[PDB]
Amino acid sequence: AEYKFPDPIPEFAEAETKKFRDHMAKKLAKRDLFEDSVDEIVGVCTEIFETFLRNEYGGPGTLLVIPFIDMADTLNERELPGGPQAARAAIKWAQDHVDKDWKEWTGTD
Amino acid sequence: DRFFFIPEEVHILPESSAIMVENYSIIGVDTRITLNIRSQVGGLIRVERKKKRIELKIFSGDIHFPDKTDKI
């Protein structure tokens with residue numbers, strides 16, 4: 001019997017997405033590499049991360065690297081600066097907060 | 001002329017022990033592993049269940065994700 005992961009929680013996704021967007025705005029503004037495209041990059045960052053949490057994330061063990069791979073590609077496809085750097089910042093925040101916050105939200109150890 | 005020491009935290013536990021950490025989960029420092037055991041270091045959690053014992057390992061380090069061109 002293949003294990004069935006818990007279904008994504010839209011309410012948790014909305015809360016995490018706001019925290020993710022605020023961190024990205026503060027982090028990416030401190031770097032001169034992004035210049036005037038900070039808002040556009042963060043907006044693209046927010047959209048992909050929110051979609052992954054709404055549809056695929058089901059707790060610990062489901063934090064995939066594919067949305068972060070899509071982060072570097074989408075910025076590069078749009079000719080936006082700091083593609084890999086923005087994806088690296090996003091994946092670092094997710095590794096430190098997403099799994100822990102899901103446990104607090106659901107009360108699971 | 002050089003010797004190496006990778007740090008890994010390993011817990012050998014009886015099969016009947018109650019494990020409060022999921023496989024492939026990321027835990028921080030002082031994360032409770034069993035009712036009387038707390039993690040000393042943080043990292044990835046790997047749970048291997050054997051015939052009569054449960055082997056739990058905590059791997060420190062940075063988690064990286066492969067690229068399409070990543071020839072690892």
# chains A, B, ... in the order shown; residues from 1 in each chain; ligands from 1
>>> residues_around(residues="segment 18-31 of chain A", least_positions_apart="3", cutoff="12 Å", atoms="only C-alpha atoms", output="ChimeraX atom specification")
/A:11-15,34-50,53,81-83,85-98,101
>>> write_last_selection(atoms="C-alpha atoms", output="tab-separated table (two decimals), in the first residue's frame")
chain	number	residue	atom	x	y	z
A	11	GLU	CA	-5.36	28.10	4.75
A	12	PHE	CA	-1.81	27.02	5.60
A	13	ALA	CA	-0.67	27.88	2.07
A	14	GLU	CA	-2.01	31.44	2.37
A	15	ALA	CA	-0.25	31.99	5.70
A	34	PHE	CA	18.19	42.81	-8.58
A	35	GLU	CA	18.04	46.63	-8.90
A	36	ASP	CA	14.56	47.72	-10.02
A	37	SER	CA	13.20	44.20	-10.68
A	38	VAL	CA	12.84	43.26	-7.00
A	39	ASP	CA	9.04	43.57	-7.02
A	40	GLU	CA	8.66	41.64	-10.29
A	41	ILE	CA	10.99	38.85	-9.15
A	42	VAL	CA	9.27	38.57	-5.75
A	43	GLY	CA	5.88	38.53	-7.47
A	44	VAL	CA	7.00	35.68	-9.72
A	45	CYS	CA	8.55	34.01	-6.66
A	46	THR	CA	5.30	34.32	-4.72
A	47	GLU	CA	3.14	32.85	-7.49
A	48	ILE	CA	5.07	29.61	-8.04
A	49	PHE	CA	5.61	28.96	-4.32
A	50	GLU	CA	1.93	29.57	-3.55
A	53	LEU	CA	1.79	24.73	-1.47
A	81	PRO	CA	18.50	39.33	-13.16
A	82	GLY	CA	19.47	37.17	-10.21
A	83	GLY	CA	17.62	34.01	-11.23
A	85	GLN	CA	20.26	33.83	-6.46
A	86	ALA	CA	16.51	34.34	-5.96
A	87	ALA	CA	15.86	30.59	-6.16
A	88	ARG	CA	18.68	29.89	-3.70
A	89	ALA	CA	17.24	32.41	-1.25
A	90	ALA	CA	13.75	30.92	-1.62
A	91	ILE	CA	14.90	27.33	-1.09
A	92	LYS	CA	16.93	28.31	1.98
A	93	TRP	CA	13.90	29.92	3.64
A	94	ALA	CA	11.70	26.91	2.81
A	95	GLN	CA	14.21	24.46	4.29
A	96	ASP	CA	14.13	26.38	7.59
A	97	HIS	CA	10.45	27.26	7.93
A	98	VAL	CA	8.02	25.28	5.75
A	101	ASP	CA	5.45	25.57	10.39
>>> interface_residues(of="chain A", to="chain B", cutoff="7 Å", atoms="only C-alpha atoms", output="PyMOL selection string")
chain A and resi 60-61+65+109
>>> write_last_selection(atoms="N, CA and C atoms", output="PDB file, in the first residue's frame")
ATOM      1  N   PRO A  60       5.817  17.299   5.957  1.00  0.00           N
ATOM      2  CA  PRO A  60       7.201  16.824   5.854  1.00  0.00           C
ATOM      3  C   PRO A  60       7.321  15.677   4.859  1.00  0.00           C
ATOM      4  N   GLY A  61       8.400  15.704   4.078  1.00  0.00           N
ATOM      5  CA  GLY A  61       8.618  14.723   3.040  1.00  0.00           C
ATOM      6  C   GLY A  61       8.043  15.077   1.686  1.00  0.00           C
ATOM      7  N   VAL A  65      12.001  20.042  -4.662  1.00  0.00           N
ATOM      8  CA  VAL A  65      12.928  21.018  -5.227  1.00  0.00           C
ATOM      9  C   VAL A  65      12.473  21.527  -6.587  1.00  0.00           C
ATOM     10  N   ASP A 109       3.983  15.735  15.343  1.00  0.00           N
ATOM     11  CA  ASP A 109       5.404  15.694  15.671  1.00  0.00           C
ATOM     12  C   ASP A 109       6.229  15.198  14.487  1.00  0.00           C
TER      13      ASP A 109
END
>>> closest_residue(among="A:51, A:1, A:103, A:32", to="residue 17 of chain A", atoms="only C-alpha atoms")
A:51
>>> atom_distance(atom1="atom CA of residue 6 of chain A", atom2="atom CA of residue 62 of chain A")
9.7 Å
>>> atom_distance(atom1="atom CA of residue 39 of chain B", atom2="atom CA of residue 106 of chain A")
21.6 Å
>>> select_by_dssp(residues="chain A", states="helix (DSSP H, G or I)", output="VMD selection string")
chain A and resid 10 to 29 35 to 55 66 to 77 83 to 106
>>> closest_residue(among="A:16, A:10, A:66, A:75", to="residue 54 of chain A", atoms="only C-alpha atoms")
A:10
>>> residues_around(residues="residue 40 of chain B", least_positions_apart="6", cutoff="8 Å", atoms="only C-alpha atoms", output="list in words")
residues 9, 29, 30 and 31 of chain B
>>> write_last_selection(atoms="C-alpha atoms", output="compact mmCIF listing (two decimals), in the first residue's frame")
# COMPACT_ATOMS: atom_id res chain seq x y z
CA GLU B 9 24.16 11.05 15.16
CA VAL B 29 18.66 20.96 17.67
CA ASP B 30 17.00 19.55 20.81
CA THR B 31 14.24 17.84 18.81
>>> closest_residue(among="A:80, A:70, A:59, A:52", to="residue 107 of chain A", atoms="only C-alpha atoms")
A:59
>>> closest_residue(among="A:99, A:2, A:79, A:104", to="residue 44 of chain B", atoms="only C-alpha atoms")
A:99
>>> closest_residue(among="B:71, B:50, B:38, B:57", to="residue 7 of chain B", atoms="only C-alpha atoms")
B:57
>>> select_by_dssp(residues="chain B", states="strand (DSSP E)", output="number ranges by chain")
B: 8-14, 26-27, 43-49, 53-59
